[PDB]
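Take a look at the structure below.
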There are 2 protein chains.
Amino acid sequence: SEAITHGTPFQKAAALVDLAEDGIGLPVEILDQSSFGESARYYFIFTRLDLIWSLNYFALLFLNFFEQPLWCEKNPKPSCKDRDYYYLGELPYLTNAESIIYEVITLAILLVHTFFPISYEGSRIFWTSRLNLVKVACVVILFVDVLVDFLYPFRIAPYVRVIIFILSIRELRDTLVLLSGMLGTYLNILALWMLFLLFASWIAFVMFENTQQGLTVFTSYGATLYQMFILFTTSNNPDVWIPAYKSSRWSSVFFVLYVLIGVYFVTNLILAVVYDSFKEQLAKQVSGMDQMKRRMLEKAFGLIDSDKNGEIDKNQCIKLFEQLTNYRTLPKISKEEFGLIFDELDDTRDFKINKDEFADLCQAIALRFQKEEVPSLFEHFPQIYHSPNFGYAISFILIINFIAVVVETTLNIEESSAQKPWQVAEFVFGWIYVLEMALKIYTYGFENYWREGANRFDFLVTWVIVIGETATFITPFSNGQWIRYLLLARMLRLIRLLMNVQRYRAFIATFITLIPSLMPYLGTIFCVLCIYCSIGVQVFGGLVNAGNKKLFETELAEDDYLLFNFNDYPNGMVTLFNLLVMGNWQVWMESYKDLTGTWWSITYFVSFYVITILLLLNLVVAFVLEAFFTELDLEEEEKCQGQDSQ
Amino acid sequence: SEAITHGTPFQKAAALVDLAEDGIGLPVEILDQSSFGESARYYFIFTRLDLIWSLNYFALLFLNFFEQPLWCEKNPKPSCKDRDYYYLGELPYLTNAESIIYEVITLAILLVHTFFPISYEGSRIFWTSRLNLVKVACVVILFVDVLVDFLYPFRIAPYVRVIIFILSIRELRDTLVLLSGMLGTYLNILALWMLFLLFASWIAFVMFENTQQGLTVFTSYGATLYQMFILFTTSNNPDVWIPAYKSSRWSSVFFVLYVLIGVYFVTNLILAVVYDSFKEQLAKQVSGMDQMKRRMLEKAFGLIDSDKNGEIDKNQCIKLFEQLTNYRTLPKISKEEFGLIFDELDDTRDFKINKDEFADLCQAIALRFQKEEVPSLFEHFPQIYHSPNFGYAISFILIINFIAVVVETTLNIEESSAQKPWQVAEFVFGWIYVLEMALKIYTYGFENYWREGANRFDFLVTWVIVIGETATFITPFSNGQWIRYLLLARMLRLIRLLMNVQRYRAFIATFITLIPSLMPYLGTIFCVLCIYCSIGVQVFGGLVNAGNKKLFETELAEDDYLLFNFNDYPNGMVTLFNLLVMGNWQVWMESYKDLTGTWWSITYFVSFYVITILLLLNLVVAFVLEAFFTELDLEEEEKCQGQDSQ
Ligand SMILES: CCCCCCCCCCCCC[C@@H]1[C@@H](C(=O)O)[C@@]1(CCCCCCCCCCCC)CCC(=O)O
Ligand SMILES: CCCCCC[C@@]12[C@@H](CCCC)[C@@]1(CCCCCCCCCC(=O)O)[C@@H]2CCCCCCCC(=O)O
Ligand SMILES: CCCCCCCCCCCCCCCC(=O)O
Ligand SMILES: CCCCCCCCCCCCCCCC(=O)O
Ligand SMILES: CCCCCCCCCCCCCCCC(=O)O
Ligand SMILES: CCCCCCCCCCCCCCCC(=O)O
Ligand SMILES: CCCCCCCCCCCCCCCC(=O)O
Ligand SMILES: CCCCCCCCCCCCCCCC(=O)O
Ligand SMILES: CCCCCCCCCCCCCCCC(=O)O
Ligand SMILES: CCCCCCCCCCCCCCCC(=O)O
Ligand SMILES: CCCCCCCCCCCCCCCC(=O)O
Ligand SMILES: CCCCCCCCCCCCCCCC(=O)O
Ligand SMILES: CCCCCCCCCCCCCCCC(=O)O
Ligand SMILES: CCCCCCCCCCCCCCCC(=O)O
Ligand SMILES: [Ca+2]
Ligand SMILES: [Ca+2]
Ligand SMILES: [Ca+2]
Ligand SMILES: [Ca+2]
Ligand SMILES: [Ca+2]
């Protein structure tokens, strides 16, 4: 547990292992900080000062981002019957005086966050870096629209807030490289997609003109490209070609041939491209990540080789491993570390250490050990640190804790009003579970809240139990059953302890890693909806009124989806989700073609679909196939290389 | 172009290249024929006699298979108002006298086809190989049903006909190995799938008991596992959780979390397993194919090495290459073939040829050359054989022929009754197209009807044109309209020729390969429907009547799907197709739960789904990802490897 304020004493001995820390967890530092400048030079202090306020910044980034539900409609005041809810949302819309407060607080942190790299980049460099120049200008745009409501065309604030939220996060920008690096391949294949629509849209207009079909549905040619596009999605499958089938039965041979080519041949081949084009772009990000590693190791190799000859004595590099605080006794480990990499140079047995050799060294060590084990810095003035047989024992606990609920809920079909003997069993079970995590700080380590992936995900849920049980009878109702389903992620911990089964073993570790790995790649799509909603709120604001007469003819009134409606922002975010899932997405396309009365409404849903069935095929479906083959072959090699490494 | 009747002269010199032919196109021969027995022993004659009647057999296998639409309903005669059509099909159902004519002729070929391996396998061997023991017994079951004609429980004929059709074809059996070799992995993951239905079905029953939701939809717990299964398919997405959403808006955060786990995380991970389990089973079929190759080369290496020492002089193997009819200037490249394929042994420069070395020889030759070029052998007594500048030229030919069609159809929106100057342009264009294939027999070769993949697919449509134009004015109406509509495979010939474009190069080189590669793997699924139809015809025969009162309440009458009906066989095959595509598949599950009045109807559609979303994820979607990476890397390698392949 060495220091982190460590590139500021900055010895050749000392400042190495901070750089060696920077390879293992792999955080970047700026190329301005990578070239020169130290914590003695009062710039690298501000680098680690930035990472102190990181949780301050991400608290702001979602604070800015979640304003978009809470801000009002595009047209509250032009609209009549404004305060009523004619199928509007739930949220309170913030008043204009309240609107200012939540933004001025928001902007001032951005003005810190955007101009904090002045403290460790030069102003003639900071304004040159051409990534900030986007982000700086986005701040100015909010600074305008705050001033407009301070002074009190269509208020283009919320599009920018997304773009601020996309770029600021390191993960979403790293996602966003994989779009623009690959988007030349997707729009490429979008043509040959559109070709086998237009050709196959045409033949149905050719074949079915004089029959009942062209009389009924396929009136225009443009009626077909409209319809046959929906059948490319197959979310309207038999309703299209009933009167083609009802007239002649042999007309089915067309449509069942079309969808086969449509779904089963093309849409997979769209996925075949995008998953294949993913691999090249992912390789460019990985190699772009690994060039960061060697370029940071070049600063590390130059920090030691002060003779500047490119060869370092071994005792010069052995001695820093205790300062590395990696392993405890070091008599002959580095002699073993020669054969662990491919070849020994052995021109001198110890004296010659080449540039690429040490770059292989620090990269190798953290894989085998994971022994750095660094906790957070504590004050010793309190000193609060208190100084599968058990696995099969805790296999039994979450069994009987689970069946306690199903007994409680088969009491609820009996509807016991006398829960007095059953409330004896209620409060006791939450008191139990805090004891099975207790041996871990007795056996191995204290700060493993951030270590086990279960403690990454259950740590709220582990501690939320008895604090919910506390205000049960001391509050002397709706929040009472709020716990009564919350006491069920016990099975989710029972999942992982059942997930030691070797029969499920590859499928286990993917779905574990599937939550952290696909958090940016689903995070970007959540930002994409925040674009499409804020378009559609402004396009379709007060459109579905209370008494709109074009409404009740259409499909939203037939199937009674007279909710989601786009009539403000959080109503829109649900509505784009159904268009994401493709559950009956042609209702809205059929509805807003009538509620706007125009065919330029069809633009909004197709432009969703193309970018969606890029992004669903891009980052959902192509990752899982990459993520499984990561988790599969490790299990396939851990037995085989465990025969080697032992 | 030597003979094929060639292992019956059966020289050590001669009968080699017939075995060398058997490696190149790779047909199997039986292990009885592989062990011993020759065309002198007459058994090898019956082997090639079998492959003469191959097209006779596949003409029978679809003849037997297509009786199942043409055979009648399960209950014509118990049903009242039998001859009327109350949402029944189109086909004429075969009369019982005319039925047996189509069956006795069918069976007599099977009795040839099943007992033809008597002629080249011993009877104590033929009844031992346990493929036949299935297949012979299936013949007996049909032989029963012909006796049932003279008598005039539920007539289980048509299930067997599929099983006969599956096993007889070599491709579908090779598909069917990949099921049973992998089905232990799929049902393995089906349980862990079923768990994250049940648990996620459970919480929605837990959450929504006291609210409006459990009052309205989620009445039973079994009501939820019913509903939440449909939302795993998302073919009923907002209709489920409207009254959960209409009451509390926060209930959406459940459902949008469920489908993400449901579709985007699980269903890909089901596809991740099945595509990964595909690779191992496909490797077993490939290695099972390649063991056939070396074991056939062992008979070839033993045919030459008559000294039985395992080493063959090169002039013994040089001399047969002219009998192979492979290449013209032989002795200059046979020394280069030492250097091209692999490394030379060079203990003797030519004298020593090992067992595995010759196995490397004949394997590599057919790749580089393709110079065997075997035609269909003619009688010379008639002697009917008559003894990209052009590519950019025939690029232009279809274009002006294509725009002639769209001019003809924009005449039809004008509706010209005077087609007399326009019929000058009609008949002339079909006469043109037979001339662009004509240089191929002048430049390169005659029998390339089976060689170019375009001539594999266009050859019916290439020649159908002028014979459709012939009976236009000499018949002095509805049929010649469709021929006017048929004038469109020209752009389908443009599809192949245009993808010399490197921008689209890999994509349709897949799609070319995609039709023959996925012909068995879609063929099996077509057989799977012929199982599920013949179940559902017998289960649901006269159910959707004319005046059924339970019918008009349900969804098939609401959305007017009163076709797609199950009330005979070909209504079923359309109907299972919609359940295959997943276009509104919950209508039938909602309908036949009412029209049978029972909950055991739900079995039929779920058991469809699990086997289907095996087989769609199995053999559609896993192939295209395998097939693209076959087509992609060959384009990626040949540009670099052609500098080495030279
Ligand atoms: C893939 C997405 C990962 C990111 C997770 C989303 C974080 C943002 C959370 C949104 C919370 C809004 C809840 C709204 C209810 C409330 O109680 O306030 C409410 C809005 C309905 C649900 C909103 C979620 C829609 C977007 C999620 C799905 C898209 C992501 C792909 C109604 C307001 C009320 O009356 O209380
Ligand atoms: C992949 C999967 C498959 C599915 C199947 C379905 C269908 C298709 C085929 C495609 C290719 C493979 C089919 C065929 C055809 C159709 C049609 C139907 C109708 C009937 C009508 C009759 C009269 O005429 O009336 C299948 C379905 C069925 C079959 C049938 C055949 C024949 C027909 C006619 O006849 O038309
Ligand atoms: C593969 C391309 C085939 C056809 C694609 C081009 C067709 C473009 C427009 C077709 C004509 C529309 C017919 C009605 C228009 C009108 O009468 O004004
Ligand atoms: C990418 C291919 C298609 C994308 C979107 C499909 C929209 C094409 C359908 C045409 C709209 C209706 C035709 C206009 C006829 C009219 O206005 O009278
Ligand atoms: C962004 C590019 C996509 C282009 C969108 C579709 C291109 C063609 C538009 C379809 C209109 C054809 C309708 C003509 C027939 C008619 O109006 O009567
Ligand atoms: C984050 C980049 C945004 C991408 C495109 C945003 C702006 C495109 C269209 C904006 C408003 C379009 C609506 C026009 C019709 C109307 O306002 O009534
Ligand atoms: C990929 C971008 C999607 C392309 C959107 C297609 C737009 C076509 C809209 C209908 C076409 C007919 C235009 C006439 C407009 C009108 O009738 O008012
Ligand atoms: C994240 C980038 C997405 C931007 C692309 C979506 C914008 C395309 C169309 C938006 C609405 C256009 C149709 C509105 C017509 C109208 O004004 O009535
Ligand atoms: C992960 C599992 C959670 C629960 C799964 C087991 C539930 C099986 C049946 C639940 C009880 C059904 C309630 C009504 C039955 C009745 O009273 O007849
Ligand atoms: C593979 C998981 C589910 C598969 C099929 C889902 C069927 C479960 C739904 C239960 C049916 C209705 C409940 C019975 C109650 C009753 O008899 O009224
Ligand atoms: C082939 C195995 C699949 C098993 C099919 C589903 C297993 C459970 C069946 C659901 C019935 C539960 C309904 C109980 C509640 C009630 O009826 O009141
Ligand atoms: C090819 C193998 C067939 C697989 C299973 C076939 C037989 C299973 C069920 C057959 C009939 C089931 C219908 C029972 C109810 C009824 O006949 O009324
Ligand atoms: C994988 C196989 C599919 C499993 C099929 C689930 C069958 C459940 C059917 C409903 C369960 C309730 C049984 C009561 C029958 C009845 O109400 O008549
Ligand atoms: C190719 C193999 C598929 C066989 C599996 C399908 C058979 C499962 C259920 C068939 C029908 C069962 C439900 C009928 C109930 C009834 O008799 O009313
Ligand atoms: Ca040195
Ligand atoms: Ca050494
Ligand atoms: Ca309806
Ligand atoms: Ca020899
Ligand atoms: Ca030699």
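General remarks:
- Among the numbered conditions (1) surrounded by fewer than 14 Cβ atoms within 10 Å (Cβ to Cβ); (2) more than 27 Å from A:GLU209 (Cα to Cα); (3) among the β-branched types (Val, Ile, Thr), the only one that B:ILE413 does not meet is (2).
- Filtered residue count, region A:197-228, keeping only those that are within 11 Å of ligand 3 (Cβ to nearest atom), away from every other protein chain (no Cβ under 11 Å) and among the β-branched types (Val, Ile, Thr): 2
- Residues in region B:346-369 that are surrounded by 11 or more Cβ atoms within 10 Å (Cβ to Cβ) and farther than 23 Å from B:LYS299 by Cα: 4 in all.
- Verdict on A:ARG496 being more than 10 Å from every other protein chain (Cβ to nearest Cβ), assigned to a helix (DSSP H, G or I), within 30 Å of A:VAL407 (Cβ to Cβ) and among the charged types (D, E, K, R): yes
- Filtered residue count, region B:325-345, keeping only those that are among the basic types (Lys, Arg), farther than 19 Å from B:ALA13 by Cα and exposed (fewer than 11 other Cβ atoms within 10 Å of the Cβ): 1
- Pairs, first at positive phi in region A:320-343, second of a type in the set (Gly, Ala, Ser) and assigned to a loop (DSSP other than H, G, I, E, B), C-beta under 9 Å, six or more apart: A:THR325/A:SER1
- Filtered residue count, region B:18-51, keeping only those that are under 31 Å from the mean Cα position of the chain (by Cα) and closer than 23 Å to B:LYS319 by Cβ: 7
- Residue in region B:229-250 that is closer than 30 Å to A:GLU555 by Cα and more than 13 Å from every other protein chain (Cβ to nearest Cβ) present: yes
- Exactly one residue out of B:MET499, B:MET519, B:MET491, B:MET573 is of a type in the set (A, V, I, L, M, F, W, C) and touching a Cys at 6+ places or on another chain (Cβ under 6 Å): that is B:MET573.
- Filter pass, B:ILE483 being in a helix (DSSP H, G or I), surrounded by fewer than 18 Cβ atoms within 10 Å (Cβ to Cβ), β-branched (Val, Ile, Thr) and within 11 Å of chain A (Cβ to nearest Cβ): no
- Residue selected from region A:145-176 under the condition hydrophobic (A, V, I, L, M, F, W, C) and exposed (fewer than 14 other Cβ atoms within 10 Å of the Cβ), by the criterion nearest to ligand 17 (Cβ to nearest atom): A:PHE154
- Identity of the residue in region A:338-360, part of a helix (DSSP H, G or I) and in contact with a helix residue (DSSP H, G or I) (Cβ under 7 Å, 6 or more places away or on another chain), that ends up nearest to ligand 4 (Cβ to nearest atom): A:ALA359
- The set of residues from region B:114-146 being among the polar types (S, T, N, Q) and closer than 18 Å to B:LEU61 by Cβ comprises B:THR114, B:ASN132.
- Tally, over region A:103-135, of residues that are over 30 Å from A:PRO76 (Cα atoms) and either loosely packed, with under 15 Cβ neighbours inside 10 Å or touching a strand residue (DSSP E or B) at 6+ places or on another chain (Cβ under 9 Å) (or both): 16
- When region B:603-646 is filtered for residues that are away from every other protein chain (no Cβ under 14 Å) and surrounded by 17 or more Cβ atoms within 10 Å (Cβ to Cβ), the ones remaining, listed by number, are B:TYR604, B:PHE605, B:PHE608, B:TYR609, B:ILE611, B:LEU614.
- Selected residue [within 16 Å of ligand 8 (Cβ to nearest atom), touching a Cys at 6+ places or on another chain (Cβ under 7 Å), over 20 Å from B:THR410 (Cα atoms) and more than 14 Å from chain B (Cβ to nearest Cβ)] from A:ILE164, A:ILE156: A:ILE164
- Selection of region B:527-559 for residues being outside any loop (DSSP other than H, G, I, E, B), more than 29 Å from B:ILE169 (Cβ to Cβ) and within 16 Å of ligand 14 (Cβ to nearest atom) yields only B:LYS550.
- In region A:560-581, the residues that are among the hydrophobic types (A, V, I, L, M, F, W, C) and assigned to a loop (DSSP other than H, G, I, E, B): A:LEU562, A:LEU563, A:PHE564, A:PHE566
- Applying the set (1) more than 13 Å from ligand 1 (Cβ to nearest atom); (2) more than 30 Å from A:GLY222 (Cβ to Cβ) to A:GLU555 leaves exactly one unmet item: (2).
- Residue match in region B:368-391 (condition: aliphatic (A, V, I, L, M) and either within 14 Å of chain A (Cβ to nearest Cβ) or part of a helix (DSSP H, G or I) (or both)): no
- Filter pass, A:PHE196 being surrounded by fewer than 20 Cβ atoms within 10 Å (Cβ to Cβ) and more than 16 Å from ligand 15 (Cβ to nearest atom): yes
- Apart from one condition, B:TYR521 fits all of (1) within 30 Å of A:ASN210 (Cα to Cα); (2) among the aromatic types (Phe, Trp, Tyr); (3) within 14 Å of chain A (Cβ to nearest Cβ); the exception is (1).
- Hey, A:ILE403 in a helix (DSSP H, G or I) and within 14 Å of chain B (Cβ to nearest Cβ) or not: yes
- Count of region A:405-438 residues, restricted to those that are among the aliphatic types (A, V, I, L, M), out of contact with any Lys or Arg (no Cβ under 9 Å at 6 or more places or on another chain) and under 20 Å from A:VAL464 (Cβ atoms), is 7.
- Selected residue (criterion: farthest from ligand 11 (Cβ to nearest atom)) from residues of region A:327-369 that are more than 15 Å from A:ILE304 (Cβ to Cβ) and among the aromatic types (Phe, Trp, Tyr): A:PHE338
- Per-region count, region A:177-187, residues crowded, with 16+ Cβ neighbours inside 10 Å and within 14 Å of another protein chain (Cβ to nearest Cβ): 2
- Filtered residues of region A:556-570 (kept if at the interface with another protein chain (Cβ under 9 Å from one of its Cβ atoms) and more than 14 Å from A:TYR592 (Cβ to Cβ)): A:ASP559, A:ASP560, A:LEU563, A:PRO570
- The number of residues in region A:406-435 that are in a helix (DSSP H, G or I), in contact with a helix residue (DSSP H, G or I) (Cβ under 9 Å, 6 or more places away or on another chain) and either more than 19 Å from A:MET491 (Cβ to Cβ) or hydrophobic (A, V, I, L, M, F, W, C) (or both) comes to 10.
- From the list B:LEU111, B:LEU91, B:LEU142, the one residue that fits, being within 28 Å of the chain's Cα centre (by Cα) and over 26 Å from B:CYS533 (Cβ atoms), is B:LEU111.
Taken together, the values in this text are just the output of simple stated rules run on the coordinates, not laboratory data. Because the Cβ atoms are built from the backbone with ideal geometry, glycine has one as well, and the counts that use them run over all protein chains shown.
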